[PDB]
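Overview (structure and organization)
One-letter residues, chain by chain:
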Amino acid sequence: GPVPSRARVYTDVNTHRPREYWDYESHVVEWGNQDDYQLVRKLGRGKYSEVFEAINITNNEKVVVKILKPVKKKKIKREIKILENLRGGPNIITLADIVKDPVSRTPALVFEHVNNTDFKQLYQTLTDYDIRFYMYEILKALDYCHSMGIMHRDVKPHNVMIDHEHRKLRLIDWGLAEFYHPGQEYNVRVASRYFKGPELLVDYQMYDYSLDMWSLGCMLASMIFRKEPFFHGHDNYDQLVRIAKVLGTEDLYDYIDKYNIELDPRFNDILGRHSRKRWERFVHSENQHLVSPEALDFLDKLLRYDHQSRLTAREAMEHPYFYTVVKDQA
Ligand SMILES: O=C(O)c1ccc2c(c1)nc(NCCCCCCCNCc1ccc(-c3ccccc3)c(Cl)c1)c1ccncc12
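As documented in the archive entry, the model was determined using X-ray crystallography at 2.83 Å resolution.

Take a look at the structure:
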């Protein structure tokens, strides 16, 4: 069998909390009236929800309604319980109300409206400071919700909202978020392919907040190298290969030996032998400004197979890659 694993941080927080904090299936929901909210325009479609721009008609205030696509009651309480526990926290989206439509009784979540900015002109006026800054901001949310014993589990660019004019960032979609419990065994069919961590790729189930950190390493490696996506898999199985071909097969098998993962037999033919490439293989004429010895040392300290080896969010924020944003904050 496999080896059990525990987070190197925030390991038993949820155990030391009042039962109801994490027992979301027993959480009671006081479903409002969606008629307090008039839909304006369709903001996006996801796999378990649809998102509209709406107006609360008792202050003319601007909100966002997230009609939930039909799912097990269970998953809605999870996402609500996590939102309510994280409410107020640095850079976390603000759950404003929980309502059902009178006719459908289909549940929908009201959120704080954030003005995001067109990602077109976002990727063009993105400076090597801008990345540092906004990445620190995502860590504020990541370190918060982790300290609160919660894993986002879907940290991708589609889930980061930037109001560049105010420098306001909000980590969003918590529909996959879960409570960390030492010993608990979690599903591997979570997050999207391009940010899935190795643990997910080999079907290792006792992971933790380290999952969020790989995702973020992928996001960071995309922007400093100007390669969207950075690990470009055809399928889930080839995604590990696109990762192997950069991190080496050596550390990969060692990862597997250390946790004794029953590596799936397909793999045993498509991986192979590849060295641990040197990062400067990926810096070229168009991207050398975002790249710095500081940046690469942080990036190398996030993209590891050993989930236990990757930095923690707090450990990440004290890295020297962020010395400049910290000073200017104080
Ligand atoms: O369900 C939920 O919870 C939820 C809650 C609230 C809202 C929601 C869903 N949906 C909304 N509408 C559509 C979402 C897709 C656009 C998301 C921008 C894409 N992201 C841009 C970027 C730019 C730069 C970087 C970057 C920065 C530093 C380093 C590397 C990368 C990154 Cl990472 C992301 C919405 C709209 C208005 N108000 C609230 C919400």
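So that's the structure; there's more coming.
A closer look at the sheet that holds strand β5 (residues 95-100)
Read from one edge to the other, the open sheet built from six strands follows the order β1-β5-β6-β4-β3-β2, with strand pairing classed as mixed. In this open sheet, the two strands that pair with only one neighbour each are β1 (32-33) and β2 (37-45). As judged from the five bridges shared by strand β4 (residues 61-68) and strand β6 (residues 107-112), these two strands associate in the antiparallel manner. Note on β6: the bridge partner recorded for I67 is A108. Docked against the sheet, helix α1 (residues 73-86) engages β4, β5 and β6, running at close to 20 degrees with respect to β6.

So, the pairing of strand β3 (residues 49-56)
For β3, the buried fraction is high: six of the eight residues fall into the buried class. Note: β2 against β3, seven bridges, orientation antiparallel. Following the sheet pairing, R45 is matched in β3 by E50. Turn length for the β2-β3 hairpin, with the two strands adjacent in sequence and antiparallel, is three residues. Of the pairings in the sheet, the one linking β3 to β4 comprises eight bridges and is antiparallel in character.

Cut-offs applied
- Residues numbered from 1 in each chain as written, not as in the entry; some residues may be left out.
- Heavy atoms only, no water.
- Residues with missing side-chain atoms left out of burial classes, pairs and counts.
- Pairing = 2+ DSSP bridges.
- Helix = DSSP H or I, 4+ residues; strand = E, 2+ residues; numbered from the N terminus.
- Contact = heavy atoms within 4.5 Å.
- Axes fitted to C-alpha atoms, helices over the stretch in contact; angles between N-to-C directions.
- Buried < 20%, exposed > 50% of the residue type's maximum accessible area, 1.4 Å probe, protein only.

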